[PDB]
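*Asks:* requesting a structural model of the entry that follows:
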Amino acid sequence: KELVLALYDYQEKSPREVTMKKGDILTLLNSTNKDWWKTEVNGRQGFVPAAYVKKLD
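*Replies:* Numbers count the residues shown, from 1 in each chain. Okay, here it is:
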């Protein structure tokens, strides 16, 4: 799908979340929710704070 850029680091704080590092290029899986977007980072899926990533369209 689309690609998003991680603006900050973020360690998952819940079972459904995923961890990311600043500069990470994540595959955006679902952006229907305003605060959390589902993504795929090096081998795993989970949500991250939508505000901590930028769309690379």
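*Asks:* helix or strand next in line after the host helix or strand of residue 45, which one?
*Replies:* Taking DSSP states H and E as the criterion, residue 45 maps to strand 44-49. Using DSSP H and E, the next helix or strand after strand 44-49 towards the C-terminus is strand 53-55.
*Asks:* which parts of that following strand are buried?
*Replies:* Applying a neighbour-count criterion of 16 or more other CB atoms under 10 Å, one finds residue 53 buried in strand 53-55. For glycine as for every other residue, the C-beta is placed from the backbone atoms N, C-alpha and C.
*Asks:* over to stretch 16-35?
*Replies:* 17-20, 24, 26, 28, 31.
*Asks:* with secondary structure and distance to residue 49 added, can I get those residues in CSV?
*Replies:* Formatted as CSV, those follow (DSSP: H, G, I helix; E, B strand; the rest coil; distance: CB to CB, whole Å):
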residue, secondary structure, distance to residue 49
17, strand, 9
18, coil, 11
19, coil, 12
20, strand, 10
24, coil, 13
26, strand, 12
28, strand, 13
31, coil, 12
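*Asks:* which of the residues you listed lies closest to residue 39?
*Replies:* Nearest to residue 39 among the buried residues of stretch 16-35 is residue 26, at 4.2 Å by CB to CB.
*Asks:* so that closest one sits against residue 41, correct?
*Replies:* Yes. If you go by CB atoms under 8 Å, residue 26 and residue 41 touch, sitting 5.3 Å apart.
*Asks:* which residues are common contacts for those two?
*Replies:* Shared contacts of residue 26 and residue 41 (CB atoms under 8 Å, 6 or more residues apart in numbering): residue 20.
*Asks:* ok, residue 38 - contacts?
*Replies:* Applying CB under 8 Å, 6+ apart, we find residue 38 in contact with 28-31, 45-47.
*Asks:* switch the cut-off to 10 Å
*Replies:* Going by CB atoms under 10 Å, 6 or more residues apart in numbering, residue 38 touches 1, 16-18, 26-32, 45-48.
*Asks:* identify the bridge partners of residue 25.
*Replies:* Assessed by DSSP bridges, residue 25 has beta-bridge partners residue 5.
*Asks:* that one and residue 3, how far apart?
*Replies:* With the distance defined as CB to CB, to the nearest Å, residue 25 ends up 6 Å from residue 3.
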